[PDB]
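Asks: Chains as they are written, first to last, in the deposited numbering: chain C, 456 to 553; chain B, 456 to 553; chain A, 456 to 553.
Have a look at this one.
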Amino acid sequence: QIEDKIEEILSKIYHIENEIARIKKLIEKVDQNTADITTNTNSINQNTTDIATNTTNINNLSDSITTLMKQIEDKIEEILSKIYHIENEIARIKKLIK
Amino acid sequence: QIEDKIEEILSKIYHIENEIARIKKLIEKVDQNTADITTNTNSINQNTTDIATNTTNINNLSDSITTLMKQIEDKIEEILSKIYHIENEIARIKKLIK
Amino acid sequence: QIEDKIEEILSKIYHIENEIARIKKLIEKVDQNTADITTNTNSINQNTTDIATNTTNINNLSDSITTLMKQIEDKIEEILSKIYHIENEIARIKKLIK
Ligand SMILES: [Cl-]
Ligand SMILES: [Cl-]
Ligand SMILES: [Cl-]
Ligand SMILES: [Cl-]
């Protein structure tokens with residue numbers, strides 16, 4: 456029966472080796488996954504930097520438009536004011552004739 | 456001869472234990488990868504939310520500039536119209552003199 | 456000693472099996488991680504394409520504002536120039552009366 460116990464063990468070992476050989480394939484997979492997570496982390500960081508640049512630039516353009524709006528509204532106000540003054544000079548030139 | 460079978464079993468086993476001890480290291484590397492994937496997934500989502508904000512804001516500014524453009528074109532044409540009416544009052548005043 | 460050597464071996468084998476069963480639980484975890492890294496990679500790319508769109512559009516609005524600026528400032532200068540020539544016609548009309 457010793458000899459049966461031994462044949463039994465030899466089968467278990469053969470099975471075990473076949474299971475281990477399948478499991479060993481994981482080593483290379485895990486390392487590959489680890490490498491791919493790093494690459495993703497590098498792309499994520501680069502997107503974050505580029506989103507920041509865009510955010511900054513949206514904000515400056517927004518400010519820029521606000522400065523332009525003011526600049527123009529003030530020149531328009533000043534031009535309308537000159538026009539009003541000229542209309543008043545023409546009222547007086549008209550009264551001065553008649 | 457049994458005894459020889461037993462020694463070669465004991466070396467097969469010694470070898471298996473060394474293989475299993477290497478493979479054991481994978482349990483914690485996999486935990487780590489899983490944690491790092493979650494972190495990356497959190498950053499991806501934050502970038503996605505920030506890209507959305509930026510897209511929204513680009514779109515409002517673009518509309519804003521369009522409103523400002525027309526707003527200005529109208530005031531400029533009102534001004535040109537007042538100028539023309541002044542040019543006509545001066546044609547009169549010149550006539551009215553001679 | 457033989458039968459003792461055998462009962463020892465059988466429990467070393469029992470433990471290797473327990474260790475292997477613990478390690479076989481990684482197989483699907485590693486597959487799941489791999490699938491999740493691919494998903495993340497897909498989201499990263501999508502974000503990259505949307506950042507590029509946003510970048511392009513920020514830049515065109517920026518240029519657009521620059522074109523609008525000069526367009527208006529030239530129109531305003533032309534209006535100021537018509538106003539000045541109208542002031543001069545009114546200086547003449549005033550001198551022509553008195
Ligand atoms: Cl990832
Ligand atoms: Cl993994
Ligand atoms: Cl991203
Ligand atoms: Cl963006």
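Note that the Cβ used here is the ideal one computed from N, Cα and C, for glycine as well.
So which residues of chain A does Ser517 of chain B contact, with C-beta pairs closer than 8 Å?
Replies: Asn512, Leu516
Asks: In chain C, which residues lie with their C-beta within 9 Å of the C-beta of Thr496 of chain A?
Replies: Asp491, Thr494, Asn495, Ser498
Asks: With a threshold of 7 Å, establish whether the CB of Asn488 of chain A neighbours any heavy atom of ligand 2.
Replies: Flag set: Cβ of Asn488 of chain A near ligand 2.
Asks: If we count the other Cβ atoms within 10 Å of its Cβ and call it buried at 16 or more, is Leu465 of chain A buried or exposed?
Replies: exposed
Asks: Could you give the residue range of the alpha helix (DSSP H) that holds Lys550 of chain C?
Replies: 480-552
Asks: With a threshold of 8 Å between beta-carbons, can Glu472 of chain C be considered close to chain A, or not?
Replies: For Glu472 of chain C, the answer is no, since every Cβ of chain A falls outside 8 Å of its Cβ.
Asks: Taking just the CA atoms, how far does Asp529 of chain C sit from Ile548 of chain C?
Replies: 29 Å
Asks: Hey, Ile492 of chain B and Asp491 of chain A: beta-carbon distance below 8 Å or not?
Replies: Contact: yes.
Asks: Confirm the yes/no value for this check: CB of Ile506 of chain C, any heavy atom of ligand 4, distance under 7 Å.
Replies: yes
Asks: Near ligand 1, which residues have their beta-carbon closer than 6 Å to a heavy atom?
Replies: C:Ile492, C:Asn495, B:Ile492, B:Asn495, A:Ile492, A:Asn495
Asks: Using a beta-carbon distance below 8 Å, is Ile482 of chain C in contact with chain A?
Replies: no
Asks: Distance, Cα to Cα, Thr494 of chain A vs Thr511 of chain B?
Replies: A direct Cα-Cα distance of roughly 25 Å separates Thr494 of chain A from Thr511 of chain B.
Asks: Closer than 7 Å, Cβ to Cβ, to anything on chain C: give me those residues from the segment 533-544 of chain B, in chain order.
Replies: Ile534, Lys537, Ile541, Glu544
Asks: Taking the straight line between their C-alpha atoms, what separation do you get for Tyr539 of chain B and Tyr539 of chain A?
Replies: 14 Å
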